[PDB]
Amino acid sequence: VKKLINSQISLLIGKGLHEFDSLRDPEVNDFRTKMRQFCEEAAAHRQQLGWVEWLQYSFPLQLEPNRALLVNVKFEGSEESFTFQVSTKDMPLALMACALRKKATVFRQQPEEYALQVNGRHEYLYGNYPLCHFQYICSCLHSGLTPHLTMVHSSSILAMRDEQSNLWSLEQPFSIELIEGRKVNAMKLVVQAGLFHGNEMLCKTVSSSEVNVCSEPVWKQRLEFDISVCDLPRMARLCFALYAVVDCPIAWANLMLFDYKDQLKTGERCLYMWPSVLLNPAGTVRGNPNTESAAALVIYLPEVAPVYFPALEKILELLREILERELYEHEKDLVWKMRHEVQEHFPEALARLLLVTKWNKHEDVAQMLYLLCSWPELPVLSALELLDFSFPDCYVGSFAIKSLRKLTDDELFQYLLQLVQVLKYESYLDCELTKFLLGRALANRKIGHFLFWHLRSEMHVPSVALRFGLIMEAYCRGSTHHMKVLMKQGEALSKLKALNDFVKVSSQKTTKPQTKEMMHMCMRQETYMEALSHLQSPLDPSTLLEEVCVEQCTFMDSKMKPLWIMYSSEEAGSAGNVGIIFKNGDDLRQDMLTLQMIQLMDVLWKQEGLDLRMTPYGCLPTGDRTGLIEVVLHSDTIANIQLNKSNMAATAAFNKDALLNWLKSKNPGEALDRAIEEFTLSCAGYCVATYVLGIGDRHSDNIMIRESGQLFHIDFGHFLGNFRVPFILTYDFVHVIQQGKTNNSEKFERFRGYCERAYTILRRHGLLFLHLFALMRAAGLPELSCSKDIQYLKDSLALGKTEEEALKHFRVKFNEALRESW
């Protein structure tokens, strides 16, 4: 039984558990045994939460960042239902009290015993929150539709919970022996090396003597470093590069000088090197698992006596305002001098101080660390910055995690992508971030869900495979039931892969309608219907994908032939009609990042009461160049609409009317006005979003309208101006905002203010986007490579300017954009 769990975990994570043992590594072993006890205590805890609390775990509330409305309510084991008027201000409890008073008459005869489920979703309404604080209610309030909800009793929910049970002495300079290698090139070999603490070098880099591009090369050289061993910080990192010359990089490799047990390291080491794009401090500190093929450097760490890093007690024992809002040496000096007063009157400039403290002087570091332990907790925003690679020191990390704990799950979810990337930076397996992500993922099934996928999605990447795999195994130890739910998901994804593969070959030999019939046959196979049905959508686990409508499924006409999968739910009705797009072949990371940053803008706007009617559809990479997009129904490309087909409702004398006619036919009479509004708001939003983010090559083929008028974007290939992309006003948008008039400066300038608000709001959170992008550098995304990329943001948000200025700046670009418009 314990045996079956293991094989399930193996299949689930994409790596077999035997491989962890085969490593014969105490670091891994400890991480495994430790992290299991932890996840087991969490899982233990959970099985004894009260029912409401279990709901909170299982399906956390989805909330928005007087007026009448019709609601429909039913009770679980029955079809009969009732329609009430309520106020949008009513508590979920008031509604539940009605439900019951209605029932008990149609039946002859306590609201606290119930929670309201959304029909056909893993979504629930509970708490003291007026109805439309719940996203679902408020959402309905807009698209116009009637909320449909099911009274679920406490006995019913608890049944679910049930079914889910399971030192300073050493003064001599540091130096190593470089012995020999085993590599491939054309010319002389060289081995350069430096000691890093983050991005900063601890002293000048040193080099090898020029040998023949030959062997199996030999060196047997002392390389001595311009620093004394006693000054080596905890997180000291030794970084190698190997290249040829007579310029030409071959491989690289890094290691920590202290092991995970704080022991300094001796003596011989074989390093299996990673092939190159010279020195790479950010690169991982464990070796290339491809031992057969990979080049290897063998070194000798001299044995300086056994030595550990001193305990914390031993550590603990041992116009400035004007600058303080890059700095000269002299300034650096003043800051350091004022450290105490920094910790007293500018605690939020911590990051600035840490950047001036001398990491290659053990005495200075001890001073810095002493101030850290009395340091007041910082705001979340400051914590996100402290996770930067610039801050490799784990006492700082511990502090940053310490400050990060007051994250709401919503915030946590909103940054989860980035926190995962930072795991790639971690010098050791057992660490605080890992401990924290696991703990929060265990207290929240939604967080649990996405963490897994973020991790499961990168197992094809050898540098993170082990780390990630070990985390996923830990999590499963913490959630036997959720791992079943997830296998269901990965089983569906496996089938989709096989289906898409068939689609690629077939689509080259034959015509679309034929491949479509073939697809449906393959899908109608027993193994496919079972695999592809009755699951939770990986794009959002509260979305249930029940019955695939084979008849509706097809594939899209682009190189990779992405699949189009429609699902219905009888229990869910209309909002059980959902689609996903399976994509195998393209990298989805770029888009997912893009989609999350827009999502962020929307939350920011909404937190200041600006609702631009955005459309944040799911996008979720699941594996090697494989993931899913959320289908947005009742929409079409501008281009498609501008095919302006005769026979359709939008038959137009001039192409500029096409959109507006379409909108008219979907939105008769007084509905028309609302749709123009929806179009205007969301346009404002996507214009500002594409502009700040440097997303370009927008054309009518990658912009979509929905029948509500809402406009949104697909196919993000390029961002951060990655061919300075202008602001863009398409003539046809302007025309639609202007209600079909040549001049409508009333309508048009309202539109300007929306942009201006959206833009100005984002700037106030400029730093929040910077820190997040900072953290993304860890990803290896090709258009997220360096500083010039983070420069793009600085410039778009005109962050260094004043609001009066920036607005002025933005006003030119926006004008420039209107001029372009015919």
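Between two forms, the rigid core is defined as the largest C-alpha subset superposing within 1.5 Å. Residues carry their position along the shown sequence, with the first being 1.
J.: How do 71-79 and 394-402 compare in 9 other deposited structures of this protein: which one has C-alphas farther from this form after the rigid core is matched?
T.: With the rigid core superposed, the C-alphas that lie farther in 9 other deposited structures of this protein are those of 71-79.
J.: Do the Cα atoms of 210-218 or those of 267-275 sit farther, on average, from the shown form in 9 other deposited structures of this protein after fitting on the core?
T.: Looking at 210-218 versus 267-275 in 9 other deposited structures of this protein, the farther one turns out to be 210-218.
J.: If you count the residues of the deposited sequence that sit between residue 318 and residue 319 but have no coordinates, do you get none, 1 to 3, 4 to 9, or 10 or more?
T.: Per the record, 10 or more deposited residues are absent between residue 318 and residue 319.
J.: How many residues sit between residue 166 and residue 167 in the deposited sequence but have no coordinates: none, 1 to 3, 4 to 9, or 10 or more?
T.: 10 or more residues are missing.
J.: Look up the CA B-factors in the entry and say which stretch, 88-96 or 743-751, has the higher mean.
T.: Averaged over C-alpha atoms, the B-factors run higher in 88-96.
J.: Compare the mean C-alpha B-factor of 336-344 with that of 682-690 as given in the PDB entry, and name the stretch with the higher value.
T.: Averaged over C-alpha atoms, the B-factors run higher in 336-344.
J.: Out of 607, 514, 390, 596, whose C-alpha atom has the biggest B factor in the entry?
T.: Answer, based on the entry's C-alpha B-factors: 390.
J.: Per the PDB entry, which option out of 83, 710, 738, 626 has the greatest Cα B factor?
T.: If I rank 83, 710, 738, 626 by C-alpha B-factor, first place goes to 83.
J.: Among the modelled residues of its chain, does the C-alpha B-factor of residue 719 lie in the lowest, middle or highest third?
T.: Top third by C-alpha B-factor.
J.: Could you look up the Cα B-factor of residue 67 in the entry and say which third of the chain it sits in: lowest, middle or highest?
T.: Ranked within chain, residue 67 CA B lands in the highest tercile.
J.: Of the three thirds of its chain by CA temperature factor, lowest, middle or highest, which one includes residue 498?
T.: Bottom third by C-alpha B-factor.
J.: Among the modelled residues of this chain, does the Cα B factor of residue 789 put it in the lowest, middle or highest third?
T.: Within its chain, residue 789 is a highest-third residue by C-alpha B-factor, going by the deposited values.
J.: Please place residue 309 in the lowest, middle or highest third of its chain according to the CA B-factor in the PDB entry.
T.: It belongs to the highest third of the chain when residues are ordered by C-alpha B-factor.
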